[PDB]
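Only one chain is given next, in structure tokens, and it is the form deposited in one PDB entry.
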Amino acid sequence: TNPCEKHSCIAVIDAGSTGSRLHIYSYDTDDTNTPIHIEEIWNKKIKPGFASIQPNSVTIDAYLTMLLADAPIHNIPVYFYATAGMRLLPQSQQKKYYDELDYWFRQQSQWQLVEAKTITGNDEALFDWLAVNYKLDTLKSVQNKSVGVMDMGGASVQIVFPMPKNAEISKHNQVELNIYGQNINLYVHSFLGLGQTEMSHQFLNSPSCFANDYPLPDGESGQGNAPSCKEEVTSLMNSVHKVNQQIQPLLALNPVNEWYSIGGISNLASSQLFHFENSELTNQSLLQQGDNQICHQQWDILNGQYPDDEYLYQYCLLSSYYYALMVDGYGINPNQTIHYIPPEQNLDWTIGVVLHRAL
């Protein structure tokens, strides 16, 4: 069966810093031609990030072929939206990637490329909030509670929550959204350089951030201590980026009732070393588990016991960093529940694109 013969279908590609994810969505539309019944009918993910690969024909051909070739439906519109990995590069370097990608799409006849472009972290934050609230079924009716969303990426992190329009705040950080006949005002912010890969490049020689005896590039040995690593990461959040100064006053005035996180935190929280129930965690418990299970354990033993976790060596650092970002940066209480979407649900911001081309 091809659902796309009976329902509208589009393909959306999340071209993230650490990899690209193709989704094919089928949907119907209600009275205003707004999508409903959105279903993912195909998903494929590849590594590494599109902005990391050499921008020549042969490399981009291998990459796009790997991403698209085995898709069961090809004669549909395609949106290719890159996020913070491409935002790291100047517009001149990005142009080479889009020229090669445009050329590739023109060498074949099935996929109809609608747009290929780098979106801003503010657009990425709006799509993050739309994607999670569509899954929560909170978009069709006016809500009593405030839902905030966090997306933990490899190069940037987003935070987005309801906030009335404020003339003192940049226009770029505020979005007025009309969807399903309701009007929604959002604060959006993205912090470029505070994603997990970029942040980690500032702490690779910090012994407190690695399991005991992990080999640091300077020849010293890891000596893990999550509260100590967390204080180091907080200097990058607040002394450098001023996360606390920008976010805490706004959340004080516009409290969030439920927090949902997507991105890398879902993967860490779901791993064998951590234990959380009901797809929810607290920062207090995340930091204590990371400290006890990873930071204070012997690297050779951990490495041999978890040979499939390719991110294991960063788990002490990540536990520390997520705490630094959420508690010290955003001002979230260490005991506050944070929901995370299970990784097997393949939920990224791309559902937001399905919804908001129509609004």
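Take the two forms, find the largest set of C-alpha atoms that superpose within 1.5 Å, and that set is the rigid core. Residue numbers run from 1 along the displayed sequence.
Below, we refer to the form deposited in another entry, which is not included among the displayed structures.
**Q** Hey, after the core superposition between the shown form and the other one, which of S170, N278, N75, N183 has the C-alpha moving 2 angstroms or more?
**A** Only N75 moves by 2 Å or more at its C-alpha.
**Q** Once you line up the core, how about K145: does its CA shift reach 2 Å between the shown form and the other one?
**A** No; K145 is a residue whose C-alpha shifts by less than 2 Å between the shown form and the other one when the cores are overlaid.
**Q** Quick one: once the rigid core is lined up, does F50 have its C-alpha move by 2 Å or more between the shown form and the other one?
**A** Shift at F50: 2 Å or more after core fit.
**Q** Could you tell me whether the Cα atom of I338 shifts by at least 2 Å between the shown form and the other one after core superposition?
**A** Shift of 2 Å or more: no.
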